[PDB]
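Each of the two blocks below gives one form of the same protein chain as structure tokens; they are labelled structure 1 and structure 2.
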Structure 1
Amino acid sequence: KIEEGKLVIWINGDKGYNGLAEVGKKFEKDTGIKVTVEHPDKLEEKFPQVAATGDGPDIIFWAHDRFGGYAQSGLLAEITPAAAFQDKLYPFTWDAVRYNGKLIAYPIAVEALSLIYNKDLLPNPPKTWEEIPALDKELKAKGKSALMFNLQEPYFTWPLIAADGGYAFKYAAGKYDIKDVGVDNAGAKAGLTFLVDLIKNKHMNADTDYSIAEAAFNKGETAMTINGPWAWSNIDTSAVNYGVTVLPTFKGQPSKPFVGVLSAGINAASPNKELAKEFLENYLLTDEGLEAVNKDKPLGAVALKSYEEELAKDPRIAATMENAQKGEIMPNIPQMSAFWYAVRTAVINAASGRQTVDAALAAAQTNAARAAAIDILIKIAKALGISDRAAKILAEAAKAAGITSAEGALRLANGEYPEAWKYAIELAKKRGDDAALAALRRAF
């Protein structure tokens, strides 16, 4: 299924994969194992299916939070680097890749939202959200505005709501607690309230999305935007001369973006686990390799201390890592999908004036722990007409398959995840559910 004596690597198509392919070059020269790099479309959702049968690639590169679901189905191999090699990377990245107390992948790069400003409009951008309304009065006198960032997706509006003490789920003892949710507390109500007052006072407009904000910045009609390093590309294309820096504080406390950690995991069914560990530890993660990748396409901030030091000479990248350490690791537990669907709603209806900030954080807080992909899937099966018990068996098989996201549920409900449907069939036979075995066999 997976060839022994050969390394196969999946990484997304927006990373530089010819750099990774060059690390593969020298690894072939010295060892004699051949490294095959490919960039499947939607690899992230193919892996949990194909690895469940034991085939697939050796190493998968992706964001750290998607690795929660992979690991919980045991799809990723467990890595045991020495403390000597562990000190070569930033500790918080390690805590990004720890599932259940085991490290399920190697951290590679780091990314978070930052504050981006137009140097010609605003040589000295502000340190606090509170400065922004008055700065926007000034720039409106020149026909411009202070700030435009995407208001529709809570990934972007979250850091302000987090600054004064909102959070997704309490994280301590290296462990998240889904009974502690930070949506209704005074901090989140303060941040969201500030955002809503910003909109009431016409400094920002509730309909601004990623695209509108991007266009306005790169035409130079606005002084500041909030965005991540993926955006930098298009800004370089434009005539705007920009800089990147720390996000504003709110009520004295720094804004907290969620941090993605680009990470390399190893297929638990991979025949080459030792080879892979050698290639990633001693070949990819070094200044040589990280640079090969980086100048194929830039990784932004990286987890390897030695190379991040020399990369932070570019103030944008040091600004991204600083914003990252001020922020929080994106959680890899499933319930956060629910959290997003909740907060999205809460922002949009507060921003648009359809709910007060209180009412809407109350609603939102109730829905945050609910692991919504599962009840999506079950509502879908009930919609087909399938029985409760059959829905729940398919749900069991879903959790066991590591399905945390709505898309996953609809991929299953459409006939994908073969071993998931199977395993639901096995559970049906085991307990003698003939009606559920039939409904499942027919739905599949």
Structure 2
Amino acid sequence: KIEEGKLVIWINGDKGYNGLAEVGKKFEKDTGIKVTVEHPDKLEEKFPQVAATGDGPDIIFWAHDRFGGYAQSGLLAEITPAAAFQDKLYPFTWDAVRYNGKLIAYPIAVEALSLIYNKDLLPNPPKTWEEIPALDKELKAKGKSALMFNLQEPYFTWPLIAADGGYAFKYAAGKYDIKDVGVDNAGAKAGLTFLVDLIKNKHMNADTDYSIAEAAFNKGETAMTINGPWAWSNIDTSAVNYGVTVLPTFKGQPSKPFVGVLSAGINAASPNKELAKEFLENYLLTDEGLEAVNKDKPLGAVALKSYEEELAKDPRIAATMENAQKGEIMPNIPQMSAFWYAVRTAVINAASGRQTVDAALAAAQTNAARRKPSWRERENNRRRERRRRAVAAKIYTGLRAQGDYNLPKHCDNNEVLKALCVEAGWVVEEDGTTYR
């Protein structure tokens, strides 16, 4: 739990938390405030469960798509940087972190998936998804594979699902229609069927996850992977000469990745809200601060204009933003969580053969729509059934006490009910068949 004078940060384990820990240390030396960085598992899920009761970190790092629900549940302290600060960042990165007219976190970096390839195994990477199967057949004869990427998180498969028409929630009339979903249309089916066919034809394995794909590419066992800017440092430490380029087209259309804006929201329950902005505004979001983090694990197109003009000249960043322009920024609405869980279930269930593509995406469409019942709705149901059981229990208590039925020493209420039935002129068979 939070406490005054200290700063605890939650950031995903694939970002440069060590580099950010070097930001907190210099922050500690200036004003004497200790700064701990922790990279817990499923931090995007734990934070909403714990922040309600007042627990959780001072600052939470995650992509912007989750912050709308967080704010909707009143977990985030509203951000109000001076004008002088707001102008230090690109406008569209402020838009990613504004929900109902209010800024709900500090945008940090823009992330988009790209195609990463091994130049030594594949000097000329494919321009199309359609030619990957043949390429894998050629590489399988050399003991390699064409492509491996995380199939457990729909983030990585969404570029292909959206290529031919799939979409999450249609945007029209300046709003996201929380009830117009595009996970079941012809384009989505085409994209997921091709992915499943890749598995069926043994060009990919349904159980490949982030760790398995990263190891295979960094050990030179697979020619390509799909990943974000954070993955680059680990490829750098390996012996692989890699390139970063546009994702392959599918049916002649670009892959359309969902673009995220890594952000840092301040816990509404924190006693260090001011201390946290002094850290975020004048220590992290500075050339030397982003540098220390970026040097750990690349951030992507950092939102600070001041440092992005430097990073923007990296050909890997140019490629990252080439993919981003062909994709879309993620909505931040609270229903993204339901959308992501549903599509995750669809991809996994179709990849494994547990469901057909048609059945998986059909269910996904209705799941990404589902309303989650409120606490009060759950409590209404709990109480109604408590009252139903209490009413029955009182009836049978009086029947047992006053009925003087010929009942066994121990018997259930069904037997009492039977004795009440015969008294009222009914016949009740062994199995409950009841008539006059």
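Residue numbering: sequential along structure 1, first residue numbered 1. Definition used throughout: the rigid core is the maximal C-alpha set that superposes within 1.5 Å between two forms.
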item	value
Rigid-part membership shared by residue 197 and residue 350 between structure 1 and structure 2	yes
Interdomain rotation angle between structure 1 and structure 2 - two rigid parts, degrees	33
Per-residue CA shift, residue 337 (Å; core superposed between structure 1 and structure 2)	0.4
Shift in Å of the residue 7 Cα between structure 1 and structure 2 [rigid core superposition]	14.2
Inter-form CA displacement between structure 1 and structure 2 at residue 175 - rigid core frame, Å	1.8
